[PDB]
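In: no letters, just coordinates:
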Ligand SMILES: Cc1cc2nc3c(=O)[nH]c(=O)nc-3n(C[C@H](O)[C@H](O)[C@H](O)COP(=O)(O)OP(=O)(O)OC[C@H]3O[C@@H](n4cnc5c(N)ncnc54)[C@H](O)[C@@H]3O)c2cc1C
């Protein structure tokens, strides 16, 4: 009766699971909410010039899927003296959607059965059953499935900041280095999100490194000097992105019959989740 089990309910598991559910499948999710997941700090802003490598071949079917399922909003961002249109999917809408039921437990094993796949859970005598399994477990995907591509999965950490009870009159993109932009916008009607775009080897991460990105972000919105961290006015959101070098969109591979690995979204984020989901609707 269960068609697909999706392991992981970050952006990639959430989007894939709901696209399959919308396509008529019986989908079940499993997620253990482990700390440092990649999707908590995400803004889900998609500027078309950021995704040139992808190609209209993939950008457009992906954006259409996200618009059909969640709705895509067009935001006119300030870019110096000029303006630029950026597409937005509300991350709270993607990550909080409840169509797909999610077991808030830890997957410990995957086993082929005669009818499909059995998904073991920590501390559970029975396994969850499905014809197919999509493992969208972020940087932890290689803990459950292995492949030459997954042998290259590493984490690229980063931080973004959310200021409470605040709105920007001007949502902006401002560069601080080639291909490094400080982005500030109204992520909710009450909150301002700012990120500087840096990615870090999770080893080279510490409070000093975080304060460097905080200084960038707070100067871009004129909050430097106000001690907003110590005062509780801003939340730091740390996450580890799943990076695999050389990935086309992201990694979507059928490692065994019915067993898919969906990860490697550090490079392109939400738009490549949309591409992968459209692929899975076609192929499952
Ligand atoms: C600072 C920062 C800024 C970002 N900004 C953006 C942005 O503007 N736009 C954008 O699109 N993206 C953004 N991202 C996100 C980026 O695209 C990530 O690559 C993306 O979130 C990856 O999502 P994922 O679903 O593959 O992984 P994750 O979000 O890490 O999800 C993996 C999930 O799998 C679960 N899991 C793992 N193993 C198991 C197990 N054994 N059993 C059960 N559950 C398990 C984990 O608990 C977790 O919830 C940002 C990330 C960071 C850190």
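Out: That came through, no problem. Numbering: from 1, shown residues only.
In: ok, the closest residue to residue 193 other than its chain neighbours - contacts?
Out: If the residues on either side of it in the chain are set aside, residue 193 comes closest to residue 187, at 3.7 Å by Cβ to Cβ, 6 or more residues apart in numbering. C-beta coordinates here come from the backbone N, C-alpha and C atoms, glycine included. Going by Cβ atoms under 8 Å, 6 or more residues apart in numbering, residue 187 touches 43, 91, 162, 193.
In: right, and the helix or strand after the helix or strand that contains residue 251?
Out: Using DSSP states H and E, residue 251 maps to strand 251-256. Downstream of strand 251-256, the first helix or strand assigned by DSSP H and E is strand 259-263.
In: residues contacting that following strand, please?
Out: With contacts defined as Cβ under 8 Å, 6+ apart, strand 259-263 is touched by 12-13, 16, 110, 112, 117, 132-139, 141, 145, 147, 149-150, 153, 242, 244, 250-255, 276, 280, 284.
In: give me the subset of those touching the ligand.
Out: When the contacts of strand 259-263 are checked against the ligand using Cβ under 6 Å from any ligand atom, the ones in range are 12, 13, 136, 137, 138, 242.
In: top of those by neighbour count?
Out: When neighbours are counted by other Cβ atoms under 10 Å, residue 12 leads these with 33 neighbours.
In: just say helix, strand or coil for that one.
Out: Following DSSP: H, G, I helix; E, B strand; the rest coil, residue 12 is assigned to helix.
In: residue 24 too?
Out: coil.
In: what sits against the residue lying closest to residue 167 once chain neighbours are set aside?
Out: Using Cβ to Cβ, 6+ apart and skipping residues adjacent in sequence, the residue nearest residue 167 is residue 186, 5.2 Å away. For residue 186, the contact set (Cβ under 8 Å, 6+ apart) comprises 167, 168, 171, 192, 193.
In: no more questions from me, cheers.
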